[PDB]
Ligand SMILES: CCc1c(C(=O)NC)[nH]c(C)c1C(C)=O
């Protein structure tokens with residue numbers, strides 16, 4: 001199971017880890033991808049997860065989009081986890097670098113409540129432009145299921161833990 005995590009609350013745990021490496025090690029039931037509405041996994045966590053699947057995640061995602069159309073900002077879809085997890089929950093947090101409503105971050109985290117346990121990144125953090133301290137606060141105030149947060153950057157991980165209220 002998950003190891004080396006710091007417990008933040010009853011159900012939220014955090015670790016300084018590469019989510020790709022964490023997924024390959026644990027093979028969780030659900031890994032969360034920091035997806036965009038088109039499921040175009042170009043960079044950040046999405047590019048890293050997709051590259052770990054040898055692009056199988058992108059091939060599956062393009063078929064999903066061709067059939068269903070784009071996701072909503074704040075929405076999600078469950079696809080295969082490929083070599084990383086049983087499933088991948090592609091969650092679309094608002095991209096503040098695209099001027100998207102930061103208020104949609106709570107709706108994005110609500111998707112996690114449909115899964116008993118998840119390995120996840122902080123939504124809308126990194127290349128999505130939101131404040132990761134704000135993302136962690138929305139996560140602990142929204143997610144009720146067991147979420148194991150992987151934070152890639154050690155310096156950000158320390159800032160998140162040291163400032164956690
Ligand atoms: C492609 C770079 C990458 C990897 C990786 O390739 N791990 C094996 N994991 C992560 C989380 C990244 C990021 C944040 O972009």
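Derivation of every value follows stated rules applied to the coordinates shown; laboratory data play no part. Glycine also receives a Cβ, built like all others from the backbone with ideal geometry; neighbour counts cover every protein chain displayed.
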Relative exposure of 115, 134, 41, judged by other C-beta atoms within 10 Å (fewest first): 134, 115, 41
By average C-beta atoms within 10 angstrom, highest first, the peptides 89-96, 49-56, 157-164: 89-96, 49-56, 157-164
Semi-axes of the equivalent ellipsoid for the chain, Cα gyration tensor, largest first, Å: 22, 18, 14
Residue order, fewest to most beta carbons within 10 Å, for 124, 61, 107: 107, 61, 124
Where labels lie 7 Å past Cα in the beta-carbon direction, separation of residue 65 and residue 6 in nm: 3.6
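What is the antiparallel percent of DSSP beta bridges lying wholly in the chain, to the nearest 5? It would help to have the intermediate numbers written out before the result.
Working: 7 of 22 bridges.
About 30 percent, rounded to the nearest 5.
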Separation in nanometres of the label points that stand 7 Å from Cα toward Cβ, at residue 116 and residue 154: 3.6
Calculated FRET value between residue 137 and residue 96, using beta carbons and R₀ = 22 Å, to 0.05: 0.90
Between the stretch 130-165 and the stretch 36-113, the alpha-carbon center distance in angstrom: 19
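What's the extension gain from residue 56 to residue 145 if we count 0.36 nm per residue and subtract their Cα-Cα distance? Could you put the intermediate results ahead of the total?
On the way: separation 89, 0.36 × 89 = 32.04 nm, distance 2.81 nm.
Stretched out fully, the residue 56 to residue 145 stretch lengthens by 29.2 nm.
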